[PDB]
Amino acid sequence: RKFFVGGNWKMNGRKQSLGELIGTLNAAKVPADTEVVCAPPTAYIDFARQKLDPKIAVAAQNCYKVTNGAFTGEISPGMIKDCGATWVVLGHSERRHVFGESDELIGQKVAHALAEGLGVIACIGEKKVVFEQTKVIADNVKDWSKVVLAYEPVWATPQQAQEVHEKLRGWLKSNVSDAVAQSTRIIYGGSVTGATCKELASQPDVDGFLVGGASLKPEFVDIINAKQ
Amino acid sequence: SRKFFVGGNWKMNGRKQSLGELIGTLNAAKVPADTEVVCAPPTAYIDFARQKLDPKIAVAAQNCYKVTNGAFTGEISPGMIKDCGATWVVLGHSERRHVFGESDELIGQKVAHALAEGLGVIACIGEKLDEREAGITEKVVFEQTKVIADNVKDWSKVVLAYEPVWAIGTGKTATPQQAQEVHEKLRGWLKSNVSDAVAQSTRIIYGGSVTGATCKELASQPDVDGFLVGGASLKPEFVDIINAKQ
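Protein chains in written order, with PDB author numbering: chain A, 4 to 130, 141 to 169, 177 to 248; chain B, 3 to 248.
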């Protein structure tokens, strides 16, 4: 499984600060065996893709479930792809908990994004429920090649992460297939810093990170190099 | 002496190619000096549209959140909107209220933050079919306007948009007389609850169905100060609507 590091900038930054962030990432050497993705605020998807070296992919932080329509304030996978981004983050804990996005809605978003040719970082996390969330996503995924699962212990150790990730992979094994369980990256979306990433990355069922606040920082480069 | 205001809400439509062409047509268009024109692109294209649009046309975001930065994956702030060169944000749109369940409380908080951050706000209100049919038009639009007003300290950068949600795909249609009726009552609310000056100076734009064929009569109504145009804003007839006061 190829190591996967996503940086979720959340609702942070402006062109100046984000430009410097991107310049730092452009100046770094990412290991060829690491897949790196940055998720800027929606207003800056286009900006980020223009400034970021192509070695780094760009993700939207959310999308809606039809290609065009009367949904003021939303964007579609087609627009995301049109801006040069190749991923979308769906079901992030903040969309589920602050904005009340249901599992059904997230499932529909997953199916539409995949149909439109985007990769999906599909997020699950608790407050049984994690398995319910994963089932809804799985019911809307026919090809797992372009999906990555991100586990969010929104409630918040490497041992704790490894424990859940192993259960998640076991769910995929019993409910999808051995092949899907073996090949699907399951990345950790809990607290990750430059100082903690190495021991988390060493867990055999932890395949990378969906990094929060540290993704805004220089130490994101260290998280990228966590297997190095 | 209220300046005629025409906003074009592109909603979730368009790609760089089709929007670039739309923008080309607008840049080339004949527009009168007495009309303030604003375009609201999908959030992914705010930057794109501001770069391509002639500066005489302003850009609006279609939504924003209520703090300047934070842990709100998928949202943008007024600071980012300004940072992309946009000068307006549309808030409380019927779609946000009804499809995405945005509360009056949340919408008021957003209005207050956007204005503080230096943005103009196109604040939308309007009653649904069941509310209209129940005979509760006044009650609904006055409550929504009150929440907005309680969060506005300087009205100079606010425009109110009335959406007859009761007339969207419901079969039902609003006459210019019915539009004027609501606008007049909304202006009366401003006069009774804020001040004579605010009621006199605040643009109240019509956000129901407007076409090139319908815009002139709607614009002639004394309390209709312009439009927030939906679908037509993606078409060449938007130029005719810009010229409705003509």
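Ideal Cβ positions, reconstructed from N, Cα and C, are used throughout, including at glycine.
Report buried or exposed for B/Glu104, applying the criterion of at least 16 other Cβ atoms within 10 angstroms of its Cβ.
buried
Under the rule that 16 or more other beta-carbon atoms within 10 Å means buried, what is A/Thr45, buried or exposed?
buried
I think B/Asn11 touches B/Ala42, with their Cβ atoms under 8 angstroms apart; what is that distance to the nearest whole Å?
For B/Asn11 against B/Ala42, the beta-carbon gap comes to about 5 angstroms, under 8 angstroms, which counts as contact.
Nearest-angstrom beta carbon gap, A/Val113 and A/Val123 [assumed within contact, 8 angstroms]:
6 angstroms
For the alpha helix (DSSP H) that A/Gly76 lies in, which residues bound it at each end?
Here A/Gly76 belongs to no alpha helix (DSSP H), and DSSP marks it neither H nor E.
Please list, in chain order, the chain B residues whose beta carbon lies closer than 7 angstroms to that of A/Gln64.
Under a criterion of Cβ atoms nearer than 7 angstroms, the residues of chain B adjacent to A/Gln64 are, in order, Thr75 and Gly76.
CB-CB under 8 angstroms to B/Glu129, same chain, minus the five flanking residues each way: which ones, in chain order?
Annotation for B/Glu129: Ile138, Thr139, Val142, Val143, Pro166, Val167 and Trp168 place their beta carbon closer than 8 angstroms to its own, counting only its chain and skipping 5 residues before and after.
Using a Cβ-Cβ distance cut-off of 8 angstroms, determine whether A/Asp227 contacts chain B.
no
Report the three-state DSSP secondary structure of B/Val143 (helix, strand or coil).
helix
Within the 8 angstroms Cβ cut-off, does B/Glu97 reach chain A?
yes
Can you find a C-beta in chain A that's less than 8 angstroms from the C-beta of B/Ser79?
yes
Does the stretch 216–228 of chain B come close enough to the stretch 150–160 of chain B that 3 or more CB-CB pairs lie under 8 angstroms?
no
Closer than 9 angstroms between beta carbons: that is the criterion. Which residues of the stretch 204–224 of chain B meet it against chain A?
none
Indicate whether the contact test is met: 3 or more Cβ pairs, each with one atom in the stretch 45–63 of chain A and one in the stretch 18–36 of chain A, closer than 8 angstroms.
yes
According to the neighbour-count rule (16 or more other Cβ atoms, all chains shown, within 10 Å of its Cβ), is B/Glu97 buried or exposed?
buried
In angstroms with no decimal places, state the Cα-to-Cα distance between B/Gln180 and A/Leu28.
57 angstroms
Beta-carbon gap between B/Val39 and A/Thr75 smaller than 8 angstroms
No, Cβ-Cβ distance for B/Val39 and A/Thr75 is not below 8 angstroms.
Name the chain B residues that come within less than 9 angstroms of A/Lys237, Cβ to Cβ?
Per Cβ cutoff of 9 angstroms: no residues; A/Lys237 is ~14 angstroms from chain B at best.
B/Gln146 burial status per 10 Å Cβ neighbour count (16 or more: buried)
buried
Contacts around A/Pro178, its chain only, beta-carbon distance under 6 angstroms, and the 5 residues preceding and following it disregarded:
Same-chain partners within the cutoff: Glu219, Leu220 and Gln223.
Could you run through the stretch 7–18 of chain B and flag, in chain order, every residue whose CB is less than 8 angstroms away from some CB of chain A?
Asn11, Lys13, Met14, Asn15, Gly16, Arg17 and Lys18
Closest residue to B/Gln53 among B/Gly26, B/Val231 and B/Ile78 (Cα-Cα distance)
B/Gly26
Ignore the nearest five residues each way along the sequence and tell me which others in B/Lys159's own chain have a CB closer than 6 angstroms to its CB.
Result list for B/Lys159: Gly122, in chain order.
With 9 angstroms as the C-beta to C-beta threshold (strictly closer), list the residues of the stretch 36–64 of chain A near chain B in chain order.
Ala42, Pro44, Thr45, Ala46, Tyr47, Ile48, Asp49, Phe50, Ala63 and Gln64
For B/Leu162, list the residues DSSP reports as bridge partners.
B/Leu162 is bridged by DSSP to B/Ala125 and B/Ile206.
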